[PDB]
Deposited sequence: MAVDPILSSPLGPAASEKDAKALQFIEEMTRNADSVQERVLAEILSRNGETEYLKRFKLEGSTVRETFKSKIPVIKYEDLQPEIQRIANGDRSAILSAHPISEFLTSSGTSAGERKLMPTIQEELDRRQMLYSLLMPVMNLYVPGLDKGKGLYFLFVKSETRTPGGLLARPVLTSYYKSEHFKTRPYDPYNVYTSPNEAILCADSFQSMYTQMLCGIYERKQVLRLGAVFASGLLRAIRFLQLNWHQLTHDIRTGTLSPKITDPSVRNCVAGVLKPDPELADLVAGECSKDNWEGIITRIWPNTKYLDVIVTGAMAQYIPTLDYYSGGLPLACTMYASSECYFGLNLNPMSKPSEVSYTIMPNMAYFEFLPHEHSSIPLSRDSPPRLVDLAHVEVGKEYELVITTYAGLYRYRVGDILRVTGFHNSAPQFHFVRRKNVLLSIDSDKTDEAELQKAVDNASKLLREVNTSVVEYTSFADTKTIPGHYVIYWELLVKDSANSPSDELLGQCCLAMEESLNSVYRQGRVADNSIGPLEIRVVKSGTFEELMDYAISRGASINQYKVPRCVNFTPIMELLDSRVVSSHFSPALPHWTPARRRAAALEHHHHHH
């Protein structure tokens, strides 16, 4: 098609001209934002070229920018980071001091995100044909918002995007017709949103040509939801009535097109769900599904076998590489094997620099900043920390992502995603690091003072046998008086104290949308460790063989949308 051709040509043009496009993007940023408080701090003297930018503007982490960001949060509306007003903060799933990081954005950034989204289907159509003959079943969700003292909205980037006009009144695309109505996606009640997205997907089962969600965990949560709610769902289809549990009238209305008594379909679906073996169930309920559109690169790799199990070995497409700070780029070959996925950073999105991995763990100098390596000049096989300069006022901002160059498409590098720095445990969007986990152990261990017990040793892993997944922590204890050992009731309170100690995103996954299961402490017999922490990353079976008792957190930890 003509629209696809234009989009592919855009890729070619951006990729052939990577270095000059990068140059222009920076010049635009520096021309517009030249007068900002932050830039004028480093005597840029109006210069809009790479070389003075590199030698004067420090390379920073989130903490470095907090003075400027807090002032904006607290209502200072002057040109501090951007010439344009900061339209809102996009809350990263990555945290600082336990709280989601506030990433500044501006209004026109939405156009760039939309631009990147518009490239995905033209690329996909090359590899998978006939996607216009049907629909996608995607499970997409908004998350809660809050406002900063100065009145700025603070919410996840996906929420900001789903609730924007670029999504709600998105351009028509016959290769991108979703089963889920906007009102389901936009519904603030996760149960109702999931419920109706599933119902619509079941009603339109035969038109379904792909299943998806942003993350692998999201799609698994959907499959588990069906496992747990197919009784009510099938009753609804049979009767052509919508469960009273759906109280949001706007959501009640969006389902009206499909809600028709269909006993045949209700019997087919219950026929499949009542089986105790769910291997391949995806292609029995949705028999025309060609692939699963779900991120399985990075931390989500852990989910590939569970996905293959339910899908019967269907291809997995990882489409996009993006963040709260900046949408990065796309996968020019969506049909490649998960372990061989490369992402091509799109040079129109921001100004991208790279810090060689081997230099990334030593403090950088503010008065003499490193040159870094430009997007066009990275070397195949080398590893880098991603560094960004955005239109919204992030200047030489270290994302924390390690990337490995695997090749080039024209002049644009392609990147294998290695990892987000210092992330030990993750189930869904939660990212828990060594320090948070350590302080979490210390907190729960003090609760053991009611006996003579202390924690001699610990390790962890993210357990994905269960949906939702959960953190498992292995505890070697030291009980001075065997007669006064700690009980199941107390060790459960040790679990909940650990959870209480973890970051906002963890606690939210427990509370808001059921995307993280209860944290589990496994008490190992004395002396187990000797034969390395604080995480396992087989080996767990060896540890499990020595497990005396296992304890699950009994209640939900504290979480509200409000920030500290």
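If you line the structure up with the deposited chain, the stretches without a C-alpha atom are 1-15, 547-562, 569-570, 598-609.
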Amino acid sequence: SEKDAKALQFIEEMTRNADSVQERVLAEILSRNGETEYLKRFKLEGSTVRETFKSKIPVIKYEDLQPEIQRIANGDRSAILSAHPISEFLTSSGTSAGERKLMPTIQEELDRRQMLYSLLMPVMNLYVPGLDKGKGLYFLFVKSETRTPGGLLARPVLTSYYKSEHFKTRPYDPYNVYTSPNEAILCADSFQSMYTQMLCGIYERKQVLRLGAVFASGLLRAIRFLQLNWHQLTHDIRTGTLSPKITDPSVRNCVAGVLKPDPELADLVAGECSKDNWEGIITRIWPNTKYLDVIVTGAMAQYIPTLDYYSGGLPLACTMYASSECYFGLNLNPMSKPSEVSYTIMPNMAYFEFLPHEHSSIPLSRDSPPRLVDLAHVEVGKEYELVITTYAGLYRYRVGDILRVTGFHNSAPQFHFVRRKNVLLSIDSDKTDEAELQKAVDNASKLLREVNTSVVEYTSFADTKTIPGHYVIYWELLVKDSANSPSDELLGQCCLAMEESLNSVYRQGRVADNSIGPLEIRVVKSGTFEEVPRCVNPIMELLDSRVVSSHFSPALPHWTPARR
From here on, numbers count along this sequence of modelled residues.
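Between the stretches 242-250 and 335-343, it is 242-250 that shows the larger average CA temperature factor. Two stretches are in play, 546-554 and 13-21, and the higher mean C-alpha B-factor belongs to 546-554. Of all the options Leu158, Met194, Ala266, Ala317, the entry's greatest CA B-factor is assigned to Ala266. Per the PDB entry, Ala256 shows the highest C-alpha temperature factor of the residues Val378, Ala256, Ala154, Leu403.
In the deposited entry, the Cα temperature factor of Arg41 sits in the top third of values across the chain's modelled residues. In this PDB entry, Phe529 carries a Cα temperature factor that places it within the highest third of its chain's modelled residues. Among the modelled residues of the chain, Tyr291 sits in the lowest third by CA temperature factor in this PDB entry. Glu165: CA B factor in the middle third of modelled residues in this chain (values from the PDB entry). In the PDB entry, a CA B factor belonging to the highest third of its chain's modelled residues is recorded for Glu434.
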